[PDB]
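Chemist: Contents of entry02.cif (mmCIF, C-alpha atoms and all ligand atoms) are below:
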data_query
loop_
_atom_site.label_atom_id
_atom_site.label_comp_id
_atom_site.auth_asym_id
_atom_site.auth_seq_id
_atom_site.Cartn_x
_atom_site.Cartn_y
_atom_site.Cartn_z
CA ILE A 1 -17.05 4.20 13.34
CA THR A 2 -13.44 4.14 12.13
CA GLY A 3 -11.16 1.31 13.21
CA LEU A 4 -7.48 1.73 14.04
CA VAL A 5 -4.87 -0.96 14.65
CA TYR A 6 -1.38 -0.26 16.02
CA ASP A 7 0.88 -2.57 18.02
CA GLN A 8 4.33 -1.38 19.05
CA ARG A 9 5.58 -4.99 18.86
CA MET A 10 5.98 -4.27 15.14
CA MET A 11 8.81 -1.88 16.10
CA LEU A 12 10.93 -4.91 17.05
CA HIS A 13 11.86 -5.42 13.39
CA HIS A 14 15.14 -3.53 13.03
CA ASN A 15 18.38 -3.24 11.06
CA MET A 16 21.18 -4.59 13.25
CA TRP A 17 23.97 -3.07 11.13
CA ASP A 18 22.40 0.28 10.14
CA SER A 19 20.24 1.75 12.91
CA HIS A 20 19.52 4.74 10.63
CA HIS A 21 18.10 2.66 7.77
CA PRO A 22 15.04 4.57 6.47
CA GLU A 23 12.55 1.76 7.26
CA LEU A 24 12.70 2.75 10.93
CA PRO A 25 10.78 1.19 13.83
CA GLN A 26 9.69 4.70 14.80
CA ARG A 27 7.79 5.06 11.50
CA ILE A 28 4.72 3.45 13.06
CA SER A 29 5.21 5.02 16.50
CA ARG A 30 5.38 8.53 15.01
CA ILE A 31 2.19 8.02 12.98
CA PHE A 32 0.44 6.74 16.11
CA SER A 33 1.73 9.70 18.13
CA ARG A 34 0.41 12.18 15.56
CA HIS A 35 -3.04 10.57 15.75
CA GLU A 36 -3.06 10.99 19.54
CA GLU A 37 -1.67 14.52 19.14
CA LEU A 38 -4.46 15.57 16.75
CA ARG A 39 -7.03 13.90 19.07
CA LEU A 40 -7.92 11.44 16.30
CA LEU A 41 -7.03 8.30 18.28
CA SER A 42 -9.87 8.59 20.79
CA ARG A 43 -12.32 9.07 17.90
CA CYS A 44 -11.36 5.65 16.50
CA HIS A 45 -12.28 2.19 17.74
CA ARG A 46 -9.11 0.28 18.58
CA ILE A 47 -8.74 -2.98 16.63
CA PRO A 48 -6.29 -5.50 18.12
CA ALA A 49 -3.33 -6.94 16.27
CA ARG A 50 -2.74 -10.66 15.84
CA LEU A 51 -0.32 -13.04 14.19
CA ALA A 52 -1.25 -14.23 10.75
CA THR A 53 -1.22 -18.02 10.56
CA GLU A 54 0.97 -19.99 8.18
CA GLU A 55 -2.18 -21.20 6.41
CA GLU A 56 -3.18 -17.56 5.94
CA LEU A 57 0.26 -16.73 4.52
CA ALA A 58 -0.28 -19.64 2.11
CA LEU A 59 -3.15 -17.68 0.55
CA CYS A 60 -0.49 -15.79 -1.43
CA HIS A 61 2.95 -17.24 -0.66
CA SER A 62 4.81 -20.45 -1.44
CA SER A 63 5.52 -22.94 1.33
CA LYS A 64 9.25 -22.56 0.64
CA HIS A 65 9.23 -18.78 1.10
CA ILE A 66 7.16 -19.07 4.29
CA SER A 67 9.60 -21.58 5.78
CA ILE A 68 12.72 -19.55 4.91
CA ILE A 69 11.47 -16.34 6.55
CA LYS A 70 10.08 -18.39 9.45
CA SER A 71 13.50 -19.98 9.98
CA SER A 72 15.12 -16.53 10.27
CA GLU A 73 13.63 -16.24 13.77
CA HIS A 74 16.31 -18.60 15.16
CA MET A 75 19.24 -17.33 13.08
CA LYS A 76 22.48 -15.79 14.28
CA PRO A 77 23.58 -12.37 12.95
CA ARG A 78 25.89 -14.00 10.40
CA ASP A 79 23.06 -16.10 8.98
CA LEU A 80 20.71 -13.10 9.13
CA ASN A 81 23.02 -10.77 7.20
CA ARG A 82 23.73 -13.43 4.57
CA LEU A 83 20.04 -14.29 4.14
CA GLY A 84 19.00 -10.64 3.89
CA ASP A 85 21.65 -9.97 1.25
CA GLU A 86 20.12 -12.82 -0.77
CA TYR A 87 17.13 -10.57 -1.51
CA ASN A 88 16.76 -7.19 -3.20
CA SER A 89 16.83 -4.57 -0.41
CA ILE A 90 16.02 -6.63 2.68
CA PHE A 91 17.33 -6.50 6.24
CA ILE A 92 16.34 -9.17 8.75
CA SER A 93 16.43 -9.48 12.53
CA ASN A 94 15.17 -12.31 14.74
CA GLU A 95 11.89 -10.40 15.20
CA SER A 96 11.24 -9.70 11.50
CA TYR A 97 9.06 -12.78 10.89
CA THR A 98 6.85 -12.09 13.92
CA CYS A 99 6.38 -8.45 12.91
CA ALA A 100 5.45 -9.39 9.34
CA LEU A 101 2.93 -11.85 10.81
CA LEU A 102 1.59 -9.05 13.01
CA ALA A 103 1.34 -6.66 10.06
CA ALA A 104 -0.76 -9.17 8.12
CA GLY A 105 -2.90 -10.26 11.07
CA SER A 106 -3.59 -6.64 12.03
CA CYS A 107 -5.07 -6.10 8.56
CA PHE A 108 -7.03 -9.37 8.66
CA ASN A 109 -8.79 -8.27 11.85
CA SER A 110 -9.34 -4.81 10.35
CA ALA A 111 -10.85 -6.23 7.15
CA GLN A 112 -12.95 -8.56 9.32
CA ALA A 113 -14.27 -5.63 11.35
CA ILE A 114 -15.17 -3.78 8.14
CA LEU A 115 -16.84 -6.70 6.35
CA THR A 116 -18.91 -7.62 9.42
CA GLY A 117 -20.00 -4.01 9.89
CA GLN A 118 -18.27 -3.50 13.24
CA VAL A 119 -16.61 -0.42 11.71
CA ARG A 120 -17.29 1.51 8.52
CA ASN A 121 -13.59 1.80 7.62
CA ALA A 122 -10.18 1.45 9.24
CA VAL A 123 -6.50 2.37 9.20
CA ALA A 124 -3.59 -0.04 9.78
CA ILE A 125 -0.37 1.50 11.14
CA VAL A 126 1.86 -1.49 10.40
CA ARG A 127 5.41 -2.41 9.42
CA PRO A 128 7.24 -4.01 7.66
CA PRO A 129 5.48 -3.08 4.39
CA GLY A 130 4.23 -5.65 1.91
CA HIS A 131 3.56 -4.55 -1.66
CA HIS A 132 6.98 -5.60 -3.03
CA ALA A 133 6.78 -9.13 -1.59
CA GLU A 134 6.23 -11.80 -4.25
CA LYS A 135 4.65 -15.24 -4.00
CA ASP A 136 8.07 -16.88 -3.61
CA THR A 137 10.44 -14.16 -2.40
CA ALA A 138 10.89 -11.05 -0.26
CA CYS A 139 11.78 -7.68 -1.74
CA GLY A 140 12.15 -3.99 -0.97
CA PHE A 141 11.68 -4.04 2.83
CA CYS A 142 8.72 -6.45 2.40
CA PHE A 143 8.50 -10.07 3.56
CA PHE A 144 4.84 -10.98 2.98
CA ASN A 145 2.38 -9.06 0.81
CA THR A 146 0.06 -7.75 3.52
CA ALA A 147 -2.42 -6.07 1.16
CA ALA A 148 -2.61 -9.09 -1.15
CA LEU A 149 -3.08 -11.42 1.82
CA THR A 150 -5.86 -9.22 3.19
CA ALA A 151 -7.71 -9.36 -0.14
CA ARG A 152 -7.58 -13.17 -0.10
CA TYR A 153 -8.50 -13.22 3.59
CA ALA A 154 -11.48 -10.95 2.88
CA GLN A 155 -12.67 -13.36 0.20
CA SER A 156 -12.26 -16.34 2.56
CA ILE A 157 -14.72 -14.87 5.09
CA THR A 158 -17.26 -13.68 2.50
CA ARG A 159 -17.34 -15.31 -0.94
CA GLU A 160 -14.47 -16.33 -3.20
CA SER A 161 -15.42 -13.79 -5.90
CA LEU A 162 -15.61 -10.77 -3.58
CA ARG A 163 -14.63 -7.71 -5.61
CA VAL A 164 -11.61 -6.14 -3.89
CA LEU A 165 -10.02 -2.96 -5.22
CA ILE A 166 -6.40 -2.38 -4.20
CA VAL A 167 -5.24 1.21 -4.74
CA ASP A 168 -1.45 1.49 -4.38
CA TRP A 169 -0.38 5.13 -4.04
CA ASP A 170 3.02 4.32 -2.58
CA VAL A 171 5.48 6.03 -4.91
CA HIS A 172 6.98 2.68 -5.98
CA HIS A 173 5.23 0.06 -8.08
CA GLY A 174 3.80 -2.83 -6.10
CA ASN A 175 5.36 -5.54 -8.25
CA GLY A 176 4.30 -8.25 -5.82
CA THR A 177 0.66 -7.20 -5.70
CA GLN A 178 0.50 -6.98 -9.50
CA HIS A 179 2.05 -10.41 -10.05
CA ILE A 180 -0.08 -12.10 -7.38
CA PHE A 181 -3.35 -10.92 -8.96
CA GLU A 182 -2.22 -10.51 -12.58
CA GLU A 183 -4.47 -13.35 -13.79
CA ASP A 184 -7.32 -12.51 -11.37
CA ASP A 185 -10.49 -10.57 -12.18
CA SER A 186 -11.83 -10.48 -8.61
CA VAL A 187 -9.00 -8.21 -7.39
CA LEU A 188 -8.54 -4.98 -9.36
CA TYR A 189 -5.03 -3.59 -8.87
CA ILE A 190 -4.48 0.13 -9.52
CA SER A 191 -1.00 1.55 -8.92
CA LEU A 192 0.34 5.08 -9.27
CA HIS A 193 4.12 5.10 -9.21
CA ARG A 194 7.24 6.94 -10.24
CA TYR A 195 8.52 4.94 -13.20
CA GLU A 196 11.07 7.00 -15.19
CA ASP A 197 10.96 4.57 -18.13
CA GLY A 198 11.96 1.68 -15.86
CA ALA A 199 14.81 3.44 -14.05
CA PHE A 200 13.05 3.86 -10.68
CA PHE A 201 12.84 1.01 -8.17
CA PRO A 202 11.82 -1.80 -8.54
CA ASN A 203 13.44 -1.13 -11.96
CA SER A 204 11.10 -3.28 -14.06
CA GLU A 205 9.05 -2.55 -17.17
CA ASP A 206 6.30 -4.62 -15.52
CA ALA A 207 5.23 -1.25 -14.07
CA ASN A 208 4.49 0.35 -17.45
CA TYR A 209 0.97 1.29 -18.54
CA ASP A 210 0.77 -1.46 -21.18
CA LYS A 211 0.70 -4.23 -18.54
CA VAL A 212 -3.08 -4.59 -18.25
CA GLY A 213 -3.24 -8.09 -16.75
CA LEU A 214 -3.21 -11.59 -18.19
CA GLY A 215 -5.80 -14.24 -18.98
CA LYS A 216 -8.95 -13.73 -16.93
CA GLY A 217 -7.26 -10.75 -15.26
CA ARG A 218 -6.85 -8.84 -18.53
CA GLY A 219 -8.09 -5.32 -17.86
CA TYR A 220 -7.88 -5.74 -14.07
CA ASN A 221 -4.34 -4.35 -13.67
CA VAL A 222 -3.97 -0.58 -14.06
CA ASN A 223 -0.49 0.95 -13.96
CA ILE A 224 -0.26 4.74 -13.87
CA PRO A 225 3.47 5.42 -14.44
CA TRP A 226 5.01 8.86 -13.89
CA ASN A 227 7.96 9.99 -16.00
CA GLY A 228 9.97 13.19 -15.92
CA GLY A 229 10.54 14.23 -12.35
CA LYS A 230 8.49 15.83 -9.61
CA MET A 231 4.74 15.19 -9.42
CA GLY A 232 2.25 16.30 -6.80
CA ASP A 233 -1.35 17.10 -5.97
CA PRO A 234 -2.33 18.36 -9.47
CA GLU A 235 -1.12 15.15 -11.11
CA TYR A 236 -2.62 12.78 -8.54
CA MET A 237 -5.98 14.58 -8.52
CA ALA A 238 -6.07 14.31 -12.32
CA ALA A 239 -5.14 10.61 -12.30
CA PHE A 240 -7.98 9.99 -9.83
CA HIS A 241 -10.49 12.03 -11.84
CA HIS A 242 -9.64 10.52 -15.23
CA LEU A 243 -8.55 6.96 -14.37
CA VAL A 244 -8.77 5.66 -10.79
CA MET A 245 -12.30 6.76 -9.88
CA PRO A 246 -14.16 5.92 -13.14
CA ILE A 247 -12.50 2.49 -13.35
CA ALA A 248 -13.17 1.86 -9.65
CA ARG A 249 -16.82 2.91 -9.95
CA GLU A 250 -17.32 0.61 -12.95
CA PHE A 251 -15.62 -2.29 -11.16
CA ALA A 252 -18.01 -1.65 -8.22
CA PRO A 253 -15.75 -3.03 -5.48
CA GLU A 254 -17.20 -4.52 -2.32
CA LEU A 255 -14.02 -3.68 -0.36
CA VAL A 256 -11.30 -1.09 -1.00
CA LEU A 257 -7.75 -1.67 0.24
CA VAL A 258 -5.25 1.18 0.07
CA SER A 259 -1.59 0.24 -0.07
CA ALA A 260 -0.90 3.64 1.47
CA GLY A 261 2.77 4.35 1.13
CA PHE A 262 3.54 7.98 1.86
CA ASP A 263 6.85 8.25 0.01
CA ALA A 264 5.26 10.32 -2.75
CA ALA A 265 4.89 12.97 -0.05
CA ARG A 266 6.59 16.34 0.03
CA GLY A 267 9.76 15.90 2.05
CA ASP A 268 10.32 12.19 1.47
CA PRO A 269 14.03 11.28 1.18
CA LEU A 270 13.44 8.67 -1.56
CA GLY A 271 10.33 9.58 -3.56
CA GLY A 272 11.23 13.01 -4.90
CA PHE A 273 7.54 13.95 -5.24
CA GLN A 274 5.43 16.62 -3.54
CA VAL A 275 2.02 15.19 -2.67
CA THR A 276 0.72 17.13 0.33
CA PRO A 277 -1.17 15.86 3.38
CA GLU A 278 -4.24 17.67 2.01
CA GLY A 279 -3.71 15.79 -1.24
CA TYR A 280 -3.75 12.40 0.48
CA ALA A 281 -6.86 13.57 2.35
CA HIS A 282 -8.70 14.28 -0.91
CA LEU A 283 -7.54 10.96 -2.38
CA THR A 284 -8.87 9.18 0.72
CA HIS A 285 -12.11 11.15 0.59
CA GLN A 286 -12.77 10.06 -3.00
CA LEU A 287 -12.10 6.37 -2.33
CA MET A 288 -14.64 6.63 0.50
CA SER A 289 -17.36 6.95 -2.17
CA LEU A 290 -16.71 3.32 -3.19
CA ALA A 291 -17.74 -0.02 -1.69
CA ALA A 292 -20.28 1.77 0.55
CA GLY A 293 -17.35 3.40 2.35
CA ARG A 294 -15.66 0.09 3.25
CA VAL A 295 -12.04 1.28 2.98
CA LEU A 296 -8.94 -0.11 4.72
CA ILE A 297 -5.82 2.08 4.63
CA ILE A 298 -2.64 -0.02 5.00
CA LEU A 299 0.72 1.64 5.60
CA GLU A 300 3.41 0.74 3.08
CA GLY A 301 6.49 2.90 2.50
CA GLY A 302 7.12 6.54 3.33
CA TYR A 303 10.25 7.60 5.18
CA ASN A 304 10.02 11.25 6.27
CA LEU A 305 8.66 10.68 9.78
CA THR A 306 6.96 14.09 9.85
CA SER A 307 5.52 13.77 6.34
CA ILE A 308 4.07 10.30 6.87
CA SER A 309 2.66 11.18 10.30
CA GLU A 310 0.78 14.22 9.02
CA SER A 311 -0.23 12.51 5.77
CA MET A 312 -1.68 9.34 7.30
CA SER A 313 -3.33 11.30 10.12
CA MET A 314 -5.12 13.39 7.50
CA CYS A 315 -6.32 10.17 5.86
CA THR A 316 -7.78 8.97 9.17
CA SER A 317 -9.43 12.37 9.61
CA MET A 318 -11.22 11.75 6.31
CA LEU A 319 -12.26 8.24 7.36
CA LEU A 320 -13.72 9.78 10.54
CA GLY A 321 -15.96 11.98 8.38
CA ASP A 322 -14.13 15.31 8.60
CA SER A 323 -14.50 17.63 5.64
CA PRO A 324 -11.56 17.68 3.20
CA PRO A 325 -8.96 20.41 3.80
CA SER A 326 -8.31 22.96 1.09
CA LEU A 327 -5.88 22.08 -1.67
CA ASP A 328 -3.46 24.70 -2.87
CA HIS A 329 -4.06 26.27 -6.27
CA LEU A 330 -3.53 23.31 -8.60
CA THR A 331 -0.85 24.25 -11.13
CA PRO A 332 -1.25 23.05 -14.73
CA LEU A 333 -0.28 19.41 -15.11
CA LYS A 334 3.28 18.71 -16.13
CA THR A 335 3.13 17.77 -19.81
CA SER A 336 4.63 14.32 -19.17
CA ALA A 337 1.82 13.63 -16.69
CA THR A 338 -0.84 14.24 -19.36
CA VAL A 339 1.03 11.88 -21.69
CA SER A 340 1.08 9.23 -18.96
CA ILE A 341 -2.64 9.66 -18.22
CA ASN A 342 -3.51 9.54 -21.93
CA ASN A 343 -1.43 6.38 -22.39
CA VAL A 344 -3.29 4.62 -19.57
CA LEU A 345 -6.64 5.80 -20.96
CA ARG A 346 -5.85 4.36 -24.39
CA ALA A 347 -4.66 1.11 -22.80
CA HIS A 348 -7.75 0.57 -20.63
CA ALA A 349 -10.61 2.11 -22.62
CA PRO A 350 -11.05 -1.34 -24.28
CA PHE A 351 -11.90 -2.83 -20.88
CA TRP A 352 -13.63 0.11 -19.13
CA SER A 353 -16.46 1.88 -20.95
CA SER A 354 -16.30 4.69 -18.37
CA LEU A 355 -13.05 5.86 -20.03
CA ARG A 356 -14.49 6.27 -23.54
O1 LIG B 1 9.39 2.38 -0.31
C1 LIG B 1 9.90 1.43 -0.86
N1 LIG B 1 9.04 0.54 -1.61
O2 LIG B 1 7.74 0.92 -1.57
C2 LIG B 1 11.38 1.08 -0.83
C3 LIG B 1 11.61 -0.30 -1.46
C4 LIG B 1 13.09 -0.66 -1.51
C5 LIG B 1 13.89 0.40 -2.25
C6 LIG B 1 13.73 1.75 -1.57
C7 LIG B 1 12.26 2.14 -1.51
K K B 2 2.29 2.38 -6.31
K K B 3 -5.84 -8.14 -11.24
ZN ZN B 4 7.68 2.97 -1.61
#
When written as structure tokens, how does the structure in this file appear?

Modeler:
Amino acid sequence: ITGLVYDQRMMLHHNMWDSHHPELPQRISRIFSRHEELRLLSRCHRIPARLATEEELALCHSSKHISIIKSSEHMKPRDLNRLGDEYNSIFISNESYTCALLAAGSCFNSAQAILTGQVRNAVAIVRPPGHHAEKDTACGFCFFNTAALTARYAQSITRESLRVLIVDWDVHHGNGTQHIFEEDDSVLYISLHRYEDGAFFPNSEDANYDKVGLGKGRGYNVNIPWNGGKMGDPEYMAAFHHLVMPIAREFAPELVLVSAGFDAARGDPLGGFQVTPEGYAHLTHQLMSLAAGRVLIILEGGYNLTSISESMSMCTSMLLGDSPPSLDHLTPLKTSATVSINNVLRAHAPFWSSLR
């Protein structure tokens, strides 16, 4: 059984000044429509959405940050515009806080259904995204770090040391998710992202391969940074074969969370990459071999409505047990991609004997 959560109330979050801003309300409604259109929806068990509580938000976020975003619910447009412009790439409406609560709570229920065995796996069609949100601030269309919160929520209903793998294949680095767990060895963060030597958003060298985690978390933060332009299925398949899967198998996670941005997809207006829907299917299908299939796919970015609808639908098809579609002939890896993969291997072979 595959769970699915979608609540159109999360469309209420909108940009009052720029109705064509790429983080559109119809992102989640188009993904949902494509599931119904491919007759995938009726094959899933519907999981209800709910508001995350403030105590649940406190699992990852400061009390100050919670109260600021919470206060935006009663703000006038002038206060909303000014508050949004205080962050890096944030727009806010009076419904933003509620929708971020719904995004988190949707994933809490989905992780709860997985960990209790109600469903084998699940998909969360939610917005606003989360992986850029930090402990104490919002960033890059994200208010609260949904994936990070779900990992802590999972631990709170099982045991504190539950091994949670977070795979972040959104094209941008999840700076918030990395920082939140950087000193933690119970949550293994693996991110593939366009980096361009720090030039690509979020424009920090924190996303480079040499950031392996700190303290107890040393070795439990894996950055796979792409440099030198367009990447696609050949590069992502290789990164999974050489890095993501062997590290994940050695970590032996008890729950797998996918920060599933689809802005690395062919056709995305911001990513500039060419990962295909079949590619995302194969990536999903491989992660399903971990944690006894307990995988939760959480929507992050991705802004070509057609690309993200086909891509995420193909992921759900894999969760439902369908056989992987056929990849195109995988071209030779771009030379810069082999350099990136080798750099990560050298950085993490000390901590992961499966890489030696
Ligand atoms: O998809 C994203 N993050 O994952 C966006 C974050 C803000 C800057 C544009 C891209
Ligand atoms: K990423
Ligand atoms: K970590
Ligand atoms: Zn992104």

Chemist: Using only the atoms of segment 65-73 of chain A listed in the file, plus 6 Å on each side, state the axis-aligned box centre and edge lengths in Å rounded to one decimal, as JSON.

Modeler:
{"center_x": 11.1, "center_y": -18.9, "center_z": 7.4, "size_x": 20.0, "size_y": 17.3, "size_z": 24.7}

Chemist: Which chains and residue numbers are within 12 Å of ligand K 3 (chain B), counting all atoms listed in the file, if I want them as an MDAnalysis selection string?

Modeler: chainID A and resid 148 151 163:167 175:191 211:223 251

Chemist: Which chains and residue numbers are within 9 Å of ligand K 2 (chain B), counting only C-alpha atoms and all ligand atoms, if I want them as a compact mmCIF listing (two decimals) with C-alpha atoms, in the coordinates of the input?

Modeler:
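Written out: part-v3.txt:
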# COMPACT_ATOMS: atom_id res chain seq x y z
CA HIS A 131 3.56 -4.55 -1.66
CA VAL A 167 -5.24 1.21 -4.74
CA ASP A 168 -1.45 1.49 -4.38
CA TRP A 169 -0.38 5.13 -4.04
CA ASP A 170 3.02 4.32 -2.58
CA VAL A 171 5.48 6.03 -4.91
CA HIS A 172 6.98 2.68 -5.98
CA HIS A 173 5.23 0.06 -8.08
CA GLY A 174 3.80 -2.83 -6.10
CA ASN A 175 5.36 -5.54 -8.25
CA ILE A 190 -4.48 0.13 -9.52
CA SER A 191 -1.00 1.55 -8.92
CA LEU A 192 0.34 5.08 -9.27
CA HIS A 193 4.12 5.10 -9.21
CA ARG A 194 7.24 6.94 -10.24
CA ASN A 223 -0.49 0.95 -13.96
CA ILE A 224 -0.26 4.74 -13.87
CA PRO A 225 3.47 5.42 -14.44
CA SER A 259 -1.59 0.24 -0.07
CA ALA A 260 -0.90 3.64 1.47
CA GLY A 261 2.77 4.35 1.13

Chemist: Taking (-7.0, 7.7, -16.7) as a centre in this file's frame and 10 Å as the limit, can you find every polymer residue with an atom that close, using only C-alpha atoms, and give them as a short mmCIF file (atom, residue, chain, number, x, y, z; two decimals) with C-alpha atoms, keeping the file's coordinate frame?

Modeler:
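As a result, selection_31.cif now contains:
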data_model
loop_
_atom_site.label_atom_id
_atom_site.label_comp_id
_atom_site.auth_asym_id
_atom_site.auth_seq_id
_atom_site.Cartn_x
_atom_site.Cartn_y
_atom_site.Cartn_z
CA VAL A 222 -3.97 -0.58 -14.06
CA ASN A 223 -0.49 0.95 -13.96
CA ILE A 224 -0.26 4.74 -13.87
CA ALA A 238 -6.07 14.31 -12.32
CA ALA A 239 -5.14 10.61 -12.30
CA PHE A 240 -7.98 9.99 -9.83
CA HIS A 241 -10.49 12.03 -11.84
CA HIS A 242 -9.64 10.52 -15.23
CA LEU A 243 -8.55 6.96 -14.37
CA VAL A 244 -8.77 5.66 -10.79
CA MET A 245 -12.30 6.76 -9.88
CA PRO A 246 -14.16 5.92 -13.14
CA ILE A 247 -12.50 2.49 -13.35
CA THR A 338 -0.84 14.24 -19.36
CA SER A 340 1.08 9.23 -18.96
CA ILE A 341 -2.64 9.66 -18.22
CA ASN A 342 -3.51 9.54 -21.93
CA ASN A 343 -1.43 6.38 -22.39
CA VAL A 344 -3.29 4.62 -19.57
CA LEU A 345 -6.64 5.80 -20.96
CA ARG A 346 -5.85 4.36 -24.39
CA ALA A 347 -4.66 1.11 -22.80
CA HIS A 348 -7.75 0.57 -20.63
CA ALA A 349 -10.61 2.11 -22.62
CA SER A 354 -16.30 4.69 -18.37
CA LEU A 355 -13.05 5.86 -20.03
#

Chemist: Hey, what's within 12 Å of residue 62 of chain A if we count only C-alpha atoms and toss same-chain stuff fewer than 2 positions away? As a ChimeraX atom specification, please?

Modeler: /A:54-60,64-69,133-138,144-145,180

Chemist: With only C-alpha atoms as the atoms that count, which of A:149, A:77, A:6, A:49 lies nearest to residue 32 of chain A?

Modeler: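 Comparing A:149, A:77, A:6, A:49 against residue 32 of chain A, the winner is A:6.
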
Chemist: Residues within 8 Å of ligand LIG 1 (chain B) should be enumerated using all atoms listed in the file and returned as a PyMOL selection string.

Modeler: chain A and resi 88-90+129+131-132+139-142+170-174+201-202+261+263+270-271+300-303

Chemist: Atoms are missing here; could segment 277-288 of chain A be completed with N, CA, C and O atoms and written as a compact mmCIF listing (two decimals), in the coordinates of the input?

Modeler:
# COMPACT_ATOMS: atom_id res chain seq x y z
N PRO A 277 -0.18 16.52 2.52
CA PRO A 277 -1.17 15.86 3.38
C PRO A 277 -2.61 16.15 2.97
O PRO A 277 -3.46 15.25 3.04
N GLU A 278 -2.90 17.38 2.54
CA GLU A 278 -4.24 17.67 2.01
C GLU A 278 -4.53 16.83 0.78
O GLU A 278 -5.66 16.39 0.57
N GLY A 279 -3.52 16.62 -0.07
CA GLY A 279 -3.71 15.79 -1.24
C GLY A 279 -4.13 14.38 -0.88
O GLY A 279 -5.12 13.86 -1.40
N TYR A 280 -3.39 13.74 0.03
CA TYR A 280 -3.75 12.40 0.48
C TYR A 280 -5.15 12.38 1.10
O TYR A 280 -5.89 11.40 0.95
N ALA A 281 -5.51 13.46 1.81
CA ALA A 281 -6.86 13.57 2.35
C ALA A 281 -7.91 13.50 1.25
O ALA A 281 -8.87 12.73 1.34
N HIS A 282 -7.73 14.29 0.19
CA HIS A 282 -8.70 14.28 -0.91
C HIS A 282 -8.73 12.92 -1.60
O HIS A 282 -9.81 12.43 -1.96
N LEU A 283 -7.57 12.30 -1.80
CA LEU A 283 -7.54 10.96 -2.38
C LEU A 283 -8.33 9.98 -1.52
O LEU A 283 -9.15 9.21 -2.02
N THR A 284 -8.09 10.01 -0.20
CA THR A 284 -8.87 9.18 0.72
C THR A 284 -10.35 9.48 0.59
O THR A 284 -11.18 8.56 0.49
N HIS A 285 -10.71 10.77 0.59
CA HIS A 285 -12.11 11.15 0.59
C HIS A 285 -12.84 10.64 -0.65
O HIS A 285 -14.03 10.33 -0.58
N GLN A 286 -12.13 10.55 -1.78
CA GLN A 286 -12.77 10.06 -3.00
C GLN A 286 -12.96 8.55 -2.95
O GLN A 286 -14.01 8.04 -3.36
N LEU A 287 -11.96 7.81 -2.45
CA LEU A 287 -12.10 6.37 -2.33
C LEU A 287 -13.23 6.00 -1.38
O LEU A 287 -13.82 4.92 -1.51
N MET A 288 -13.55 6.88 -0.42
CA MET A 288 -14.64 6.63 0.50
C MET A 288 -16.00 6.58 -0.18
O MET A 288 -16.97 6.12 0.44
